[PDB]
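A.B. asks:
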Amino acid sequence: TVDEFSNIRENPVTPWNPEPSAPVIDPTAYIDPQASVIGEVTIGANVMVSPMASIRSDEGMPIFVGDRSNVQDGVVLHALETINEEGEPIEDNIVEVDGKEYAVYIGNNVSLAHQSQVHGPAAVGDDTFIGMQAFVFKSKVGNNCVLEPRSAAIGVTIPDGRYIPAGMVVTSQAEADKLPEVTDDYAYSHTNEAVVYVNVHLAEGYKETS
Amino acid sequence: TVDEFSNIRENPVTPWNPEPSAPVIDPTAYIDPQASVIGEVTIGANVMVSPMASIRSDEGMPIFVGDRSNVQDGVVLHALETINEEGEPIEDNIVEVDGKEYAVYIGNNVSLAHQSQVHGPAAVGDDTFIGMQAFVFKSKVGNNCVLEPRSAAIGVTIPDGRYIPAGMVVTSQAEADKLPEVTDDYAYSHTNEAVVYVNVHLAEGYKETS
Amino acid sequence: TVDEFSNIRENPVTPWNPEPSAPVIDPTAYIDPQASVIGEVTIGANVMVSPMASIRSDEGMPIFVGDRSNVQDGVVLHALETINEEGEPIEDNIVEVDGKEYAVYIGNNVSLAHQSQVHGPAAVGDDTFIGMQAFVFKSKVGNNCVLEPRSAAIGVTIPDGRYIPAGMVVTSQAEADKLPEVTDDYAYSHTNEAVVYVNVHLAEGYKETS
Ligand SMILES: [Co+2]
Ligand SMILES: [Co+2]
Ligand SMILES: [Co+2]
Numbered sequence: 001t002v003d004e005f006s007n008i009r010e011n012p013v014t015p016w017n018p019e020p021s022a023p024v025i026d027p028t029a030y031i032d033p034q035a036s037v038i039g040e041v042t043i044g045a046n047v048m049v050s051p052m053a054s055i056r057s058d059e060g061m062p063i064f065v066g067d068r069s070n071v072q073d074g075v076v077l078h079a080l081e082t083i084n085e086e087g088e089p090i091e092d093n094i095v096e097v098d099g100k101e102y103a104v105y106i107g108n109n110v111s112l113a114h115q116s117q118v119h120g121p122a123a124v125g126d127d128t129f130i131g132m133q134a135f136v137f138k139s140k141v142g143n144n145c146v147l148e149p150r151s152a153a154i155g156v157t158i159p160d161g162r163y164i165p166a167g168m169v170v171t172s173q174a175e176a177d178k179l180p181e182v183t184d185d186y187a188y189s190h191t192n193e194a195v196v197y198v199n200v201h202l203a204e205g206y207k208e209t210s
Numbered sequence: 001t002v003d004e005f006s007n008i009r010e011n012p013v014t015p016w017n018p019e020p021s022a023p024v025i026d027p028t029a030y031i032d033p034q035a036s037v038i039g040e041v042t043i044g045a046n047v048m049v050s051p052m053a054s055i056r057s058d059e060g061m062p063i064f065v066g067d068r069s070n071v072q073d074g075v076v077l078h079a080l081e082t083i084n085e086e087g088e089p090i091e092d093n094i095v096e097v098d099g100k101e102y103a104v105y106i107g108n109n110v111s112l113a114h115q116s117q118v119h120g121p122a123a124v125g126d127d128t129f130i131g132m133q134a135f136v137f138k139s140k141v142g143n144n145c146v147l148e149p150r151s152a153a154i155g156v157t158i159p160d161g162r163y164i165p166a167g168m169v170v171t172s173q174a175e176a177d178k179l180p181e182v183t184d185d186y187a188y189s190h191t192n193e194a195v196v197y198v199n200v201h202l203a204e205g206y207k208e209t210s
Numbered sequence: 001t002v003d004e005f006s007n008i009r010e011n012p013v014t015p016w017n018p019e020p021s022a023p024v025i026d027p028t029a030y031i032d033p034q035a036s037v038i039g040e041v042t043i044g045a046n047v048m049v050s051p052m053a054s055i056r057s058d059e060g061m062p063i064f065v066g067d068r069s070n071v072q073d074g075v076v077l078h079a080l081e082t083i084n085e086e087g088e089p090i091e092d093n094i095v096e097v098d099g100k101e102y103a104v105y106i107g108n109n110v111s112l113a114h115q116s117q118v119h120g121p122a123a124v125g126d127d128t129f130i131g132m133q134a135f136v137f138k139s140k141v142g143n144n145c146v147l148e149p150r151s152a153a154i155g156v157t158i159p160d161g162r163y164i165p166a167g168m169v170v171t172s173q174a175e176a177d178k179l180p181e182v183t184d185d186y187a188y189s190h191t192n193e194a195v196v197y198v199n200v201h202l203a204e205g206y207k208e209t210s
């Protein structure tokens, strides 16, 4: 028979999750019916979650998405275990953003473009563009950054205001420290602000169809 | 309660889209129930759209998919804004194919393999294979081309009859002009014709299950 | 009207598939409602299939997933044609694992991480981690291997106990023979066993929600 389900659901009971949690989603955010949002997740105001995105906070938790951010088609957010079966927090898998602990922290005015992925432990600072098919894992991406399409940040801290060229896989802190800077003449210098404006308007337009 | 929705839908009203449009889909095309097709989209005859694909024509529009083409699992089609909020067409984000304007143009007998992405402005010429996990953005891919798995074309024109080796990210016109040619002994020389034959038969078989 | 469908379905009748087959899924496996599983597929015990995964055995068949393996969000399994329209088996597109023929063979205790893809003909040996956004096509990956995020294996045999560095695309047997070995001090040496433990527990937790 037809597959009947809820796409916004609590996470399952496991040895590291005694008490199930359901997503906390601002009334102004739009969650596409063909997106999936599971578990201990906070979604801020004016956020657009597109078809085929999967936000799954059932292993490492919590997963936060700030105000006016977007999670585009096929994007995945997931995280390594943050608390072991013996009730001990796995500090290496927990990110600290302003005195609060997260598995994945997506800041405000952040664009996660189509088919990208941010896997915890990870943090992405405000007004950053994570390009199409890009990857972030075990990293902290600063504010006002640009990850071009197919770039990746693994095990590093990307300083504020830097970009990663298309296709480059950054795996060492020495490499991350030498990334190029966003300047006004850089091709993606204005991309994130335009994308956030478009996506905040799409969230409202789609909300008016539900 | 269960998530109830239509997977083939009109696009939302926004400042660049006063009048919503619904997809125009040929009766011989097959759209999987777990694919999403939104907005100002034209889908040609005998096209197969597989599970988890997302064709979203709500920002840049229109998005065209020609006859006997295929949009495989997890493929995304989306596009940059083609008309600003002041009603002016953004010509840099509009592609011209035979005297008609598109955000994304996918030609006839084109295969978009699993997890690939074509982001407008972009055009993909007839009888071209866009490989698994490949990426096309701000580019024109000619006819009878092959993008091997994990290749990418960004900001360039790929001449007719050329291929991009697996994993290569092409970002300059000088690089695109020097791509290798498809010859009969090239490993993917016959791939697209076989894939189109298989996919046209799958579209019909799946249509017979609906 | 709302899109009503079954996400676990038989494959379509085609010239290479006279008699449709439906998936054989162990009662202990968990198939997310937003995953798709089509055709001649065998899923073993304690397997977790996550949101937006697509397992499609309608071209090359069969597709096997062994016990205690996981198919994470947005993963695709598909395969090249294994039998032509003249009823002849295409031996180059068929993989042999223990005296049985498969289009795609995923062994036991194998992790297919988010957005990865394994395209037949292909085999992945037991206790192997296929990282985030990785790709396997026309290859045999041995047991106890690690494909780091964004790595790829195309047209090769990856010897048992080896790893592929993040972002590396391996397309020649000479390259595959020289891959580095997994040792206890290697960063991903314990990853797969932890991931399988977590995923077997998630499968059970999610089963308790259905
Ligand atoms: Co994960
Ligand atoms: Co887009
Ligand atoms: Co395929």
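As given, the protein sequences belong to chains A, B and C, one line each in that order. For what it's worth, this note's numbering labels the leading residue of the first sequence as 1, then goes sequentially. For what it's worth, this note's numbering labels the leading residue of the second sequence as 1, then goes sequentially. For what it's worth, this note's numbering labels the leading residue of the third sequence as 1, then goes sequentially. Just so it is clear, CB atoms sit at the ideal spot from N, CA and C, and this is done for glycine as well.
Against chain B, with Cβ distances strictly below 8 Å, would residue 221 of chain C count as a contact?
C.D. replies: Only positions 1 to 210 of chain C appear in this structure, which leaves residue 221 of chain C out of reach.
A.B. asks: How far does the beta strand (DSSP E) with C/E193 in it reach, from first residue to last?
C.D. replies: Stepping through the third sequence from its first residue, residue 193 of chain C is reached at position 193. Element bounds for C/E193: not the beta strand (DSSP E) but the alpha helix (DSSP H), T191 to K207.
A.B. asks: Any heavy atom of ligand 2 inside 7 Å of the beta-carbon of A/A113?
C.D. replies: Start at 1 with the first residue of the first sequence, and residue 113 of chain A comes out as number 113. Yes, the beta carbon of A/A113 sits closer than 7 Å to at least one heavy atom of ligand 2.
A.B. asks: Judging by CA-CA distance, which residue of B/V195, B/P121, B/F5 and B/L179 is the nearest neighbour of B/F129?
C.D. replies: Sequence index remark: in the second sequence, residue 129 of chain B carries index 129 (1-based). It is B/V195.
A.B. asks: If you run the structure through DSSP and keep just helix, strand and coil, what is A/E175?
C.D. replies: By one-based count along the first sequence, residue 175 of chain A stands at place 175. DSSP places A/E175 in helix when its eight states are reduced to three.
A.B. asks: Quick check: what's the CA-CA separation for B/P51 versus C/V76?
C.D. replies: Taking the second sequence and counting its residues from 1, one reaches residue 51 of chain B at position 51. Taking the third sequence and counting its residues from 1, one reaches residue 76 of chain C at position 76. The straight-line gap from Cα to Cα measures roughly 10 Å.
A.B. asks: Please look up how many angstroms separate the CB atoms of A/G44 and A/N144, rounded, as I've assumed it's under 8 Å.
C.D. replies: Counted from its first residue, the first sequence places residue 44 of chain A at position 44. Counted from its first residue, the first sequence places residue 144 of chain A at position 144. The Cβ separation is near 18 Å, so there is no contact.
A.B. asks: Buried or exposed: where does C/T171 fall if 16 or more other Cβ atoms within 10 Å of its Cβ makes it buried?
C.D. replies: Residue numbering aside, residue 171 of chain C sits at position 171 when the third sequence is read from its first letter. C/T171 is buried by the Cβ-count criterion.
A.B. asks: For a quick check, are the C-beta atoms of C/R9 and C/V200 less than 8 Å apart?
C.D. replies: Here residue 9 of chain C is taken as the residue at index 9 of the third sequence, counted from 1. Here residue 200 of chain C is taken as the residue at index 200 of the third sequence, counted from 1. Taking 8 Å as the Cβ cut-off, C/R9 and C/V200 do not qualify as a contacting pair.
A.B. asks: Exposed or buried, B/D184, counting other C-beta atoms within 10 Å across all chains shown (16 or more means buried)?
C.D. replies: Working through the second sequence from its first residue, we reach residue 184 of chain B at position 184. Classification of B/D184: exposed, given that the 10 Å Cβ count is below 16.
A.B. asks: Tell me the DSSP secondary structure of C/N70 in three-state form.
C.D. replies: Here residue 70 of chain C corresponds to residue number 70 of the third sequence, with the count starting at 1. Of the three classes helix, strand and coil, the one that applies to C/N70 here is strand, per DSSP.
A.B. asks: How many whole angstroms separate the CB atoms of A/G167 and A/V182, which I take to be in contact at a CB cut-off of 8 Å?
C.D. replies: On the first sequence, residue 167 of chain A is found 167 positions in, with the first residue counted as 1. On the first sequence, residue 182 of chain A is found 182 positions in, with the first residue counted as 1. About 18 Å separates the two Cβ atoms, so there is no contact after all.
A.B. asks: Any heavy atom of ligand 2 closer than 7 Å to the Cβ of B/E59?
C.D. replies: Numbered from its first residue, the second sequence carries residue 59 of chain B at position 59. Yes, the beta carbon of B/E59 sits closer than 7 Å to at least one heavy atom of ligand 2.
A.B. asks: Quick check: is any heavy atom of ligand 5 less than 7 Å from the C-beta of A/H119?
C.D. replies: As far as ligands go, the structure on display features ligand 1, ligand 2 and ligand 3 and does not contain ligand 5.
A.B. asks: Pick helix, strand or coil for B/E81, following the three-state DSSP scheme.
C.D. replies: Here residue 81 of chain B refers to the residue found at position 81 when the second sequence is read from its first residue. Residue state, collapsed to three classes: coil.
A.B. asks: Looking at the strands, I want to know which residues DSSP matches up with A/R56.
C.D. replies: Numbered from its first residue, the first sequence carries residue 56 of chain A at position 56. Paired residues: A/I38.
A.B. asks: Pop quiz: C/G120 and C/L80 are said to be a contact at Cβ under 8 Å. What is the actual Cβ separation, rounded to whole angstroms?
C.D. replies: Start at 1 with the first residue of the third sequence, and residue 120 of chain C comes out as number 120. Start at 1 with the first residue of the third sequence, and residue 80 of chain C comes out as number 80. Indeed, because the Cβ distance is near 6 Å, the residues count as touching under 8 Å.
A.B. asks: Rounded C-beta distance between C/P165 and C/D177? I'm assuming under 8 Å.
C.D. replies: Numbered from 1 along the third sequence, position 165 holds the residue referred to as residue 165 of chain C. Numbered from 1 along the third sequence, position 177 holds the residue referred to as residue 177 of chain C. Incorrect: roughly 15 Å between the Cβ atoms, too far for contact.
A.B. asks: Assuming the contact rule is C-beta atoms closer than 8 Å, C/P62 and C/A29 should be a hit. Round their C-beta distance to whole Å, please.
C.D. replies: Position 62 of the third sequence, counting from 1, holds the residue named residue 62 of chain C. Position 29 of the third sequence, counting from 1, holds the residue named residue 29 of chain C. Incorrect: roughly 16 Å between the Cβ atoms, too far for contact.
A.B. asks: Kindly indicate the opening and closing residues of the beta strand (DSSP E) around C/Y105.
C.D. replies: As a working note, residue 105 of chain C is residue 105 in the third sequence. Element bounds for C/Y105: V104 to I106.
A.B. asks: Give the residues from the segment 111 to 132 of chain B that approach chain A closer than 8 Å (Cβ to any Cβ), ordered along the chain.
C.D. replies: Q115, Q117 and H119
A.B. asks: Would you say the beta carbon of B/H201 is closer than 7 Å to some non-hydrogen atom of ligand 3?
C.D. replies: Sequence index remark: in the second sequence, residue 201 of chain B carries index 201 (1-based). False, no ligand heavy atom lies under 7 Å from that Cβ.
A.B. asks: Do B/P149 and C/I154 have their C-beta atoms within less than 8 Å of each other?
C.D. replies: Along the second sequence, one-based indexing puts residue 149 of chain B at 149. Along the third sequence, one-based indexing puts residue 154 of chain C at 154. Going by C-beta atoms, B/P149 is nearer than 8 Å to C/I154.
A.B. asks: Is the Cβ-Cβ distance between C/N70 and C/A35 less than 8 Å?
C.D. replies: Taking the third sequence and counting its residues from 1, one reaches residue 70 of chain C at position 70. Taking the third sequence and counting its residues from 1, one reaches residue 35 of chain C at position 35. Judged by beta-carbon spacing, C/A35 lies beyond the 8 Å limit of C/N70, meaning their Cβ atoms are not closer than that value.
A.B. asks: Just checking: is the beta-carbon of B/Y102 within a distance shorter than 8 Å of some beta-carbon in chain C?
C.D. replies: Your numbering for residue 102 of chain B matches position 102 in the second sequence. With 8 Å as the cut-off, B/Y102 does not count as an interface residue toward chain C.
A.B. asks: Can you tell me whether DSSP reads B/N144 as helix, strand or coil?
C.D. replies: Residue mapping note: residue 144 of chain B aligns to position 144 of the second sequence, counting from 1. DSSP places B/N144 in coil when its eight states are reduced to three.
A.B. asks: For B/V95 and B/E101, I'd like the C-alpha separation in whole angstroms.
C.D. replies: The count along the second sequence starts at 1 and reaches residue 95 of chain B at position 95. The count along the second sequence starts at 1 and reaches residue 101 of chain B at position 101. Going from the Cα of B/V95 to the Cα of B/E101 covers about 6 Å.
A.B. asks: Using a Cβ cut-off of 8 Å, pull out every chain A residue sitting near C/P51, in sequence order please.
C.D. replies: To locate residue 51 of chain C, count along the third sequence from 1; it is residue 51. Those within 8 Å of C/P51 in chain A are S36, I38, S54 and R56.
A.B. asks: On the three-state DSSP scale, how would you describe B/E96?
C.D. replies: For the purposes of this step, residue 96 of chain B is taken as residue 96 along the second sequence, with counting starting at 1. Correct three-state label for B/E96: strand.
A.B. asks: Whole angstroms is fine: what's the gap from C/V49's alpha carbon to B/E86's?
C.D. replies: Against the third sequence, residue 49 of chain C aligns to sequence position 49. Against the second sequence, residue 86 of chain B aligns to sequence position 86. Those two C-alpha atoms are separated by around 46 Å.
A.B. asks: In whole angstroms, give me the CA-to-CA distance for A/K207 and C/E193.
C.D. replies: As a working mapping, residue 207 of chain A is identified with position 207 in the first sequence. As a working mapping, residue 193 of chain C is identified with position 193 in the third sequence. Their Cα atoms are separated by approximately 42 Å.
A.B. asks: Report yes if the C-beta of A/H78 is less than 7 Å from at least one heavy atom of ligand 3; otherwise report no.
C.D. replies: Position 78 of the first sequence, counted from the start, is the residue given in the question as residue 78 of chain A. Not a single heavy atom of ligand 3 lies less than 7 Å from the C-beta of A/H78.
A.B. asks: Along chain C, in chain order, which residues have C-beta atoms closer than 9 Å to that of A/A152?
C.D. replies: The residue you call residue 152 of chain A lines up with position 152 of the first sequence. Ordered by position in chain C, the residues that pass the 9 Å Cβ test against A/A152 are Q133, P149, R150, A166 and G167.
A.B. asks: If contact means a Cβ-Cβ distance below 8 Å, which residues of the segment 69 to 92 of chain C contact chain B?
C.D. replies: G74, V76, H78 and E81
A.B. asks: At a CB-CB cut-off below 7 Å, which residues of chain C make contact with A/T28?
C.D. replies: Working through the first sequence from its first residue, we reach residue 28 of chain A at position 28. Proximity of chain C to A/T28 at the Cβ level (cut-off 7 Å) is not reached, the minimal Cβ distance being about 24 Å.
A.B. asks: Within this structure, are the beta carbons of B/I106 and B/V65 separated by less than 8 Å?
C.D. replies: Along the second sequence, read from residue 1 onward, the residue named residue 106 of chain B stands at position 106. Along the second sequence, read from residue 1 onward, the residue named residue 65 of chain B stands at position 65. Yes.
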